[PDB]
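What follows is a single chain, given as structure tokens, in the form deposited in one PDB entry.
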């Protein structure tokens, strides 16, 4: 019908503009994806009639590139949209059967390509885990209400015992980025690191609140729940130790609380 052809025309215009901007955000230039392109993509995710699966597909397509720069930038763009985009974006990623498949990515173009490939593998793992974390609880741990009246401080015991290990698993994937400050020496890896830093602070806050809630419930828990809690507590200690190391790397390159 005429109505259908007119509608198809608009959807074509829209799709092409998104794909083009994804390419712009993911050029071979060794710099983070440009703000103007990220802002444009964020706005796209907020348009009721933008096609989210097509947007995601464009980003996945860029991760099939052989250039570490294109691949890492597509991952950074995806992360940025998970954080700053409309919730429909992360929700779509959470609904998928598969996400990034980069565990064997390797760019052997040069020493920098080799070094960056390791970080691409670790970062891809983190974004997959971030999506699966969202799927399991239907919310983003880094965004929920905090404080005494917030989500993690008020959660019931049974749900809490299921939920803290999900936070722990996400935090592990995040910290396993395992970069040192002497390695944060190009705008691509630095852009990824800044997003990881913002996530880590917020994710740790949620983790910590979960632990506080569990400790408050100590005398009220069943014997077996106490055992699960103690295991959660013990694992939390090592993650707090690692978070302090992560914060030190950030401080060494001039990233601190002001950047949260």
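Numbering follows the first chain given and starts at 1. The term rigid core refers to the most C-alpha atoms you can superpose between the two forms while keeping them within 1.5 Å.
Taking the mean C-alpha B-factor of each stretch as recorded, 138-146 and 121-129 are not equal, and the higher mean is that of 138-146.
For the pair 81-89 and 147-155, the record assigns the higher mean C-alpha temperature factor to 147-155. When the C-alpha B factors of 54, 43, 64, 208 are read from the deposited coordinates, the top value falls at 43. The PDB entry assigns its highest CA temperature factor, among 10, 252, 244, 238, to 10. Ranked within its chain, residue 218 lands in the highest third, by CA B factor from the PDB record. The PDB entry assigns residue 111 a C-alpha temperature factor belonging to the highest third of its chain's modelled residues.
In the PDB entry, residue 170 places in the lowest third of its chain by CA B-factor. For residue 104, the recorded CA B-factor ranks within the highest third of the chain. Only modelled residues enter the ranking. Residue 38: CA B factor lies in the middle third for its chain, per the PDB record.
This protein has a second form, the form deposited in another entry, left out of what is shown; the following refers to that one.
Once both forms are overlaid on the rigid core, the distance between the two CA positions of residue 238 between this form and the one not shown is 2 angstroms or more. When the rigid core is held fixed, the Cα atom of residue 11 travels 2 angstroms or more between this form and the one not shown. Compared with the form shown here, the Cα atoms of residue 52 and residue 6 sit 3 Å or more closer together in the other entry. Note: the CA-CA distance for residue 11 and residue 79 expands in the other entry relative to this form, by 3 angstroms or more.
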